[PDB]
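Working notes, beginning with the structure itself.
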Amino acid sequence: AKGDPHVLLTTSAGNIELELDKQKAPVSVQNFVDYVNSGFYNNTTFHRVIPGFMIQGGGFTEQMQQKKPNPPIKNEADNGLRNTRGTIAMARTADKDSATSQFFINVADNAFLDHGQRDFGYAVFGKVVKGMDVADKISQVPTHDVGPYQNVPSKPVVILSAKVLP
């Protein structure tokens, strides 16, 4: 136990466990915890995943059809320090300052995205302790390019739960 926050999630595949910062992004944490607290994850899913590289997720409920997001926070990527396939990170949005409710679980040595150039998009504020495999196995089952959103599990996943540990 010790003391290290972990957004625990049990998708159809199995019970996994994210682990999230806090310090480097107080604001964001508050937001998601709002959602986390309840009414959202209970029966969303995981859109999909680029093979052995990066699973999302949290967004389009089931098939994929916006909940009703848009509680626009602020700066993201510029607060996630170094790491590797294991970290979670927030998506973004056309505008810029937003990322209302949606994150994605990596796996492979990334860094590339590391805000440091004529660019800035993908946030960050977590990781992955245990059920990485689960994620994998999930990211194993075939899929298909949908149309708009490339990479979506034809035979869709369905999340069971999301319970944060102190």
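Scheme for the structure tokens: letters A, B, ... for chains in order shown; per-chain residue numbers from 1; ligand numbers from 1 in order shown.
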
Practice problem: Excluding residue 113 (chain A) and residues on its chain fewer than 6 positions from it, collect all residues at most 9 Å away from it, counting only C-alpha atoms, and give them as JSON, numbers by chain. | Solution: {"A": [77, 119, 120, 121, 122, 123]}

Distance query residue 49 (chain A) at most 12 Å, only C-alpha atoms, self and fewer than 4 positions along chain excluded, as a CSV table (one decimal) with C-alpha atoms, in the first residue's frame:
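Output file out-v6.csv follows:
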chain,number,residue,atom,x,y,z
A,45,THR,CA,-14.8,1.2,-22.4
A,53,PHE,CA,2.5,0.7,-28.3
A,54,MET,CA,-0.4,2.6,-26.6
A,55,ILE,CA,-3.9,1.9,-25.4
A,56,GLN,CA,-6.2,4.9,-24.7
A,57,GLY,CA,-8.7,5.4,-23.3
A,58,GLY,CA,-11.9,6.5,-21.5
A,104,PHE,CA,-4.8,6.9,-22.6
A,105,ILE,CA,-2.4,4.1,-21.4
A,106,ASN,CA,0.9,3.8,-23.2
A,107,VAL,CA,3.2,0.7,-23.1
A,135,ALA,CA,-4.0,-4.2,-21.2
A,136,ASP,CA,-1.8,-6.2,-23.6
A,137,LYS,CA,-4.3,-9.1,-24.0
A,138,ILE,CA,-6.9,-6.4,-24.6
A,139,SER,CA,-4.5,-4.8,-27.1
A,140,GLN,CA,-4.2,-8.3,-28.6
A,141,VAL,CA,-7.8,-8.9,-29.8
A,142,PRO,CA,-8.1,-7.8,-33.4
A,143,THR,CA,-10.0,-4.7,-34.5
A,144,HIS,CA,-10.4,-2.4,-37.5
A,145,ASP,CA,-10.0,1.1,-38.7
A,149,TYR,CA,-11.1,7.2,-35.2
A,150,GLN,CA,-8.5,4.8,-36.6
A,151,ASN,CA,-8.0,1.8,-34.3
A,152,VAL,CA,-11.2,0.4,-32.7
A,153,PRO,CA,-11.8,-3.1,-31.4
A,154,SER,CA,-14.5,-4.4,-33.7
A,156,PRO,CA,-15.7,-3.9,-28.4
A,157,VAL,CA,-14.3,-3.9,-24.9

What are the closest atom pairs, with distances in Å to one decimal, for all residues of region 83-125 of chain A lying within 12 Å of region 60-65 of chain A? Consider only C-alpha atoms, order rows by chain and residue number, and present the result as a Markdown table.
| residue | atom | partner | partner_atom | distance |
| --- | --- | --- | --- | --- |
| A:101 | CA | A:60 | CA | 10.6 |
| A:102 | CA | A:60 | CA | 9.4 |
| A:103 | CA | A:60 | CA | 11.8 |

Practice problem: From chain A, collect each residue whose DSSP state is strand (DSSP E) and return the set as JSON, numbers by chain. | Solution: {"A": [6, 7, 8, 9, 10, 11, 15, 16, 17, 18, 19, 20, 49, 50, 54, 55, 88, 89, 90, 103, 104, 105, 126, 127, 128, 159, 160, 161, 162, 163, 164, 165]}

Quiz item: With only C-alpha atoms as the basis for distance, which of A:162, A:133, A:42, A:114 is at the shortest distance from residue 13 (chain A)?
Solution: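 Of the candidates, the smallest distance to residue 13 (chain A) is held by A:133.
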
Proximity check region 93-122 of chain A to region 19-30 of chain A, 10 Å, nearest pairs one decimal Å, only C-alpha atoms, as JSON lines:
{"residue": "A:98", "atom": "CA", "partner": "A:28", "partner_atom": "CA", "distance": 9.9}
{"residue": "A:99", "atom": "CA", "partner": "A:28", "partner_atom": "CA", "distance": 8.8}
{"residue": "A:100", "atom": "CA", "partner": "A:28", "partner_atom": "CA", "distance": 8.7}
{"residue": "A:101", "atom": "CA", "partner": "A:28", "partner_atom": "CA", "distance": 9.4}

Mind dumping the selected residues with N, CA, C and O atoms as an mmCIF file, in the first residue's frame?
data_model
loop_
_atom_site.group_PDB
_atom_site.id
_atom_site.type_symbol
_atom_site.label_atom_id
_atom_site.label_comp_id
_atom_site.auth_asym_id
_atom_site.auth_seq_id
_atom_site.Cartn_x
_atom_site.Cartn_y
_atom_site.Cartn_z
ATOM 1 N N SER A 98 -7.771 22.469 -22.773
ATOM 2 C CA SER A 98 -9.038 21.737 -22.611
ATOM 3 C C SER A 98 -8.780 20.407 -21.910
ATOM 4 O O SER A 98 -8.626 20.371 -20.686
ATOM 5 N N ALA A 99 -8.766 19.333 -22.704
ATOM 6 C CA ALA A 99 -8.676 17.968 -22.156
ATOM 7 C C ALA A 99 -9.620 17.860 -20.960
ATOM 8 O O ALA A 99 -9.193 17.908 -19.803
ATOM 9 N N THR A 100 -10.908 17.747 -21.290
ATOM 10 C CA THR A 100 -11.982 17.810 -20.282
ATOM 11 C C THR A 100 -12.107 16.489 -19.531
ATOM 12 O O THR A 100 -12.261 16.492 -18.306
ATOM 13 N N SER A 101 -12.045 15.382 -20.277
ATOM 14 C CA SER A 101 -12.162 14.040 -19.684
ATOM 15 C C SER A 101 -11.827 12.990 -20.731
ATOM 16 O O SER A 101 -12.676 12.622 -21.548
#

Step one, run DSSP on the backbone; step two, keep only residues of chain A assigned to alpha helix (DSSP H); then write them as a short mmCIF file (atom, residue, chain, number, x, y, z; two decimals) with C-alpha atoms, in the first residue's frame.
data_model
loop_
_atom_site.label_atom_id
_atom_site.label_comp_id
_atom_site.auth_asym_id
_atom_site.auth_seq_id
_atom_site.Cartn_x
_atom_site.Cartn_y
_atom_site.Cartn_z
CA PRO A 26 -3.11 19.59 -9.15
CA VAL A 27 -5.80 21.17 -11.34
CA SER A 28 -6.28 18.26 -13.73
CA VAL A 29 -6.40 15.69 -10.92
CA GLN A 30 -9.31 17.54 -9.29
CA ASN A 31 -11.23 17.49 -12.58
CA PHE A 32 -10.88 13.78 -13.34
CA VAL A 33 -11.45 12.80 -9.69
CA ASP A 34 -14.78 14.61 -10.15
CA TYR A 35 -15.56 12.09 -12.89
CA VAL A 36 -13.61 9.31 -11.16
CA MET A 132 -0.20 -4.35 -17.89
CA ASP A 133 -0.67 -7.82 -19.39
CA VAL A 134 -4.45 -7.34 -19.19
CA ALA A 135 -3.99 -4.16 -21.23
CA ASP A 136 -1.83 -6.21 -23.61
CA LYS A 137 -4.30 -9.08 -23.99
CA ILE A 138 -6.89 -6.35 -24.62
#

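Atom pair CA of residue 80 (chain A) / CA of residue 125 (chain A) has a distance of 5.4 Å (rounded to one decimal).
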
Quiz item: What is the distance between CA of residue 69 (chain A) and CA of residue 93 (chain A), in Å to one decimal?
Solution: 11.6 Å

Practice problem: Return the single residue from A:46, A:91, A:96, A:59 that is closest to residue 9 (chain A), with distances computed using only C-alpha atoms. | Solution: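 Result for the nearest residue to residue 9 (chain A): A:46.
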
Exercise. Compare A:164, A:1, A:159, A:111 by their minimum atom-to-atom distance to residue 15 (chain A), counting only C-alpha atoms, and give me the closest one.
Key: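 Smallest separation from residue 15 (chain A) among the options: A:159.
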
Quiz item: Expressed in Å to a single decimal, how great is the separation between CA of residue 112 (chain A) and CA of residue 85 (chain A)?
Solution: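 Going from CA of residue 112 (chain A) over to CA of residue 85 (chain A), I get 11.8 Å.
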
Quiz item: Nearest to residue 47 (chain A) among A:130, A:166, A:158, A:74, with distances taken over only C-alpha atoms: which residue is it?
Solution: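 Selected residue with least distance to residue 47 (chain A): A:158.
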
Self-check item: Distance criterion (only C-alpha atoms): nearest to residue 4 (chain A) out of A:78, A:109, A:95, A:17
Solution: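 Between A:78, A:109, A:95, A:17, the residue approaching residue 4 (chain A) most closely is A:17.
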
Practice problem: With a distance cut-off of 8 Å and only C-alpha atoms, select the neighbouring residues of residue 14 (chain A), excluding the residue or stretch itself and same-chain residues fewer than 2 positions from it, and output the selection as number ranges by chain. | Solution: A: 10-12, 16, 131, 134

Practice problem: Would you mind telling me which residue in A:84, A:70, A:110, A:37 lies nearest to residue 126 (chain A) when using only C-alpha atoms? | Solution: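 Using only C-alpha atoms, the shortest distance to residue 126 (chain A) belongs to A:84.
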